[PDB]
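Chains as they are written, first to last, in PDB author numbering: chain A, -1 to 157, 168 to 385; chain A', -1 to 157, 168 to 385. A prime marks a further copy of an entry chain.
Here the structure comes first, spelled out in structure tokens, and everything after it is commentary.
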Ligand SMILES: Nc1nc(CCc2ccc3cc[nH]c3c2)cc(=O)[nH]1
Ligand SMILES: Nc1nc(CCc2ccc3cc[nH]c3c2)cc(=O)[nH]1
């Protein structure tokens, strides 16, 4: 799988993309790797922010499905025209395949001005695949049409300009140290999992188990932040705040309403806590824990148009769709989406940003009771 | 105040704007009326989506304040350069004034491609005025520098193309029928108020009082939706769902993940509930209630690029910053922001969209105990 190592590029806060080709003859496009949705979509008209776009007129193998698709957000959106053509992945496995494709033809706040990607790859499951679950996701199609094993893994590094590896087909043991630990995929819609216990530094939020996964905890290459629900963000942030009382910072800052700054080589790593999420483990009453440094949740804002100092942003933030384990968490770890086995594995990333003191860990086993009672229904 | 009647234009879901002039000689710009923030900001560089922009080079009366300003969102943002020049409002009161102005010089997902506004007018209070409360908001400046009375009112109509009236200086009794009822402004930061009871159709959500204002209920001309917190959105939506069991609709729809449709002249108003929020009243244990129809929370998506039927959207949605009473609620009513008296008044809007059956109401007085215990602290 060295072929596939280092095959993801991207820029800070704009997401990770992989090169794919679509249609015969092949039209290359950078597509954004997204474990939080289940549609394969490309810009198909000359939107001014796109470097490239799907020109269906140049592909012999295109096939309209005479149907629309209207994916809204809060408040982005995109809409398009379902077709099917032959997709391939240059720095991936050596299979071409025929998958569905939404040709994006109108959109709001979807494309990012100054990014180098022209489309999304939704690697989650049919159940959330708009317009409805009849729309067979790419990865279901890739597996169903080849010998390629039903899994993929992701090592998102991020150094400005970011990089990583999407190993389609298996695991590459050069991307991680220590051992992989597995939390089961609770249901095949998003990559939904269950945090059974949350510590900041060691002392946990003694919160009711259910509040960590209200109404959902998911793993998302497509979200930037670690996103906690309101009740829990409230809780975590207070313990983070108390933790962090070598100093004071503005109120808004925490709610992602300002940046905070120090000078080159002059930031306090160690005044800030390590965080640890315990995820449900493979066995009854067994769990394990993954631990992030503040390098992961304090991420620099690169080009700030009125600032020369180190102005990092706070990467943890609130929600109502649930916990979203974004690049903040995922950049700590080699993450394996074992779809074959309804489970996600976490190991210490061979490229995560560690200092001389602390470090990211994946550690187990621990004993946790009533892990199943931390779902919501 | 007829001078000021009908002085707001806008387009569906894109917001309400009023014409202002900035600098000498005066440069006209459409600015977006926003009760949810406290900064006056104009695009000052040729962003491709702007019709117009502040050219400080043409104004004698400009004055740099040699300071930046970096307003992020989730995940829009803008940043700019604080100055001060002479603002006026053509279809407003006949005063020119010297207020602060952030010249917006970089931004992300802030301006709307295809809108006709080039700036924001933040009519809330200094406390939330970025970069900090020393930045005197326009309206504080307008009052402090003229005889203009410390209040304004808003009648947002929305019919496509929307319209309304911002009466700066007082109230115009032609804009409402019945009587005005006043909920007090709890703190002068946002226009924060307190919902003491919530019904759908009549039967309330029997929810703990605090969950309606966790952590905030505000009144926002700048938000489109009625936005409830997660716990309460969960609650309301279930009662809305049960209410609405003459029919079934997709799961996503409710979470603003799809549109829903019927044919021209063929939509079920009456299968859907009226909603009623009870707001804290002026006297101890006294409250009143405002009531919206489904015309207010079911708002048409205008030009849909793969649809000919009536496809309305669901205007109620979740949050973690709190309740946000947006154009959904505000379009029902003539809303008076009596800043002089730390209070907001609600009357039946002379332009709200009512059918022959039901109608929007403002009704009181009711008896409600422990209204003060519905805050959060
Ligand atoms: N997992 C996702 N996918 C999306 C759509 C793709 C997208 C759009 C913008 C950005 C910015 C950074 N990553 C992005 C991904 C939205 C979302 O809410 N969750
Ligand atoms: N009250 C506000 N003001 C803003 C900024 C202005 C704005 C931007 C986009 C739209 C779309 C519809 N109305 C808008 C207002 C953001 C926000 O979250 N709350």
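Don't be surprised by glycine CBs; every beta carbon is placed ideally from N, CA and C.
Do residue j and residue i have their beta-carbon atoms positioned less than 8 Å apart in this structure?
| i | j | result |
| --- | --- | --- |
| residue 289/A' | residue 372/A' | yes |
| residue 281/A' | residue 208/A' | yes |
| residue 136/A' | residue 119/A' | yes |
| residue 229/A | residue 152/A | yes |
| residue 354/A | residue 375/A | no |
| residue 121/A' | residue 33/A' | yes |
| residue 331/A' | residue 221/A' | yes |
| residue 338/A' | residue 154/A' | yes |
| residue 42/A | residue 87/A | no |
| residue 225/A' | residue 333/A' | yes |
| residue 287/A' | residue 206/A' | no |
| residue 278/A | residue 379/A | no |
| residue 172/A' | residue 149/A' | no |
| residue 126/A | residue 35/A | yes |
| residue 52/A' | residue 31/A' | no |
| residue 168/A' | residue 17/A' | no |
| residue 156/A' | residue 10/A' | yes |
Whole angstroms is fine: what's the gap from residue i's alpha carbon to residue j's?
| i | j | result |
| --- | --- | --- |
| residue 189/A | residue 242/A' | 34 Å |
| residue 50/A' | residue 29/A' | 11 Å |
| residue 385/A | residue 357/A' | 41 Å |
| residue 359/A | residue 170/A' | 53 Å |
| residue 233/A' | residue 3/A | 45 Å |
| residue 106/A | residue 5/A | 28 Å |
| residue 327/A | residue 73/A | 15 Å |
| residue 39/A | residue 113/A | 16 Å |
| residue 386/A' | residue 91/A' | Nothing can be reported for residue 386/A': it is not among the residues displayed for chain A', which extend from -1 to 385. |
| residue 255/A' | residue 367/A | 54 Å |
| residue 182/A | residue 174/A | 13 Å |
| residue 250/A' | residue 238/A' | 18 Å |
| residue 316/A' | residue 276/A | 57 Å |
| residue 184/A | residue 336/A | 17 Å |
| residue 176/A' | residue 77/A | 40 Å |
| residue 196/A' | residue 79/A' | 26 Å |
| residue 21/A' | residue 59/A' | 6 Å |
| residue 193/A | residue 1/A | 28 Å |
| residue 244/A | residue 218/A | 15 Å |
| residue 55/A | residue 75/A | 25 Å |
| residue 313/A | residue -1/A' | 42 Å |
| residue 47/A' | residue 104/A | 16 Å |
| residue 117/A' | residue 45/A' | 12 Å |
| residue 139/A | residue 180/A | 23 Å |
With respect to 7 Å, is the separation between the Cβ of residue i and the closest non-hydrogen atom of ligand 2 below this value?
| i | result |
| --- | --- |
| residue 110/A' | yes |
| residue 27/A' | no |
| residue 48/A' | no |
| residue 123/A | no |
| residue 118/A' | yes |
| residue 30/A' | yes |
| residue 71/A | no |
Are there any heavy atoms of ligand 1 lying less than 7 Å away from the beta-carbon of residue i, as far as the coordinates show?
| i | result |
| --- | --- |
| residue 231/A | yes |
| residue 236/A | no |
| residue 52/A' | no |
| residue 411/A | As displayed, chain A neither begins before -1 nor continues past 385, which places residue 411/A out of reach and without an answer. |
| residue 152/A | no |
| residue 228/A | yes |
| residue 12/A | yes |
Legend entry - Inter-stretch contact at 8 Å, needing at least 3 Cβ pairs: the segment 94 to 114 of chain A' / the segment 65 to 85 of chain A': yes
Inset, instruction - Taking 8 Å as the threshold, find out whether the segment 314 to 322 of chain A' comes into contact with the segment 258 to 274 of chain A' through three or more Cβ pairs. - result: yes
Legend entry - Meets three-Cβ-pair contact criterion under 8 Å: the segment 56 to 67 of chain A and the segment 255 to 264 of chain A: no
Inset, instruction - Check whether the segment 305 to 313 of chain A' touches the segment 197 to 206 of chain A', taking contact to mean three or more Cβ pairs, one atom from each stretch, closer than 8 Å. - result: no
Legend entry - Contact the segment 332 to 344 of chain A' vs the segment 132 to 146 of chain A': 3+ CB pairs below 8 Å: no
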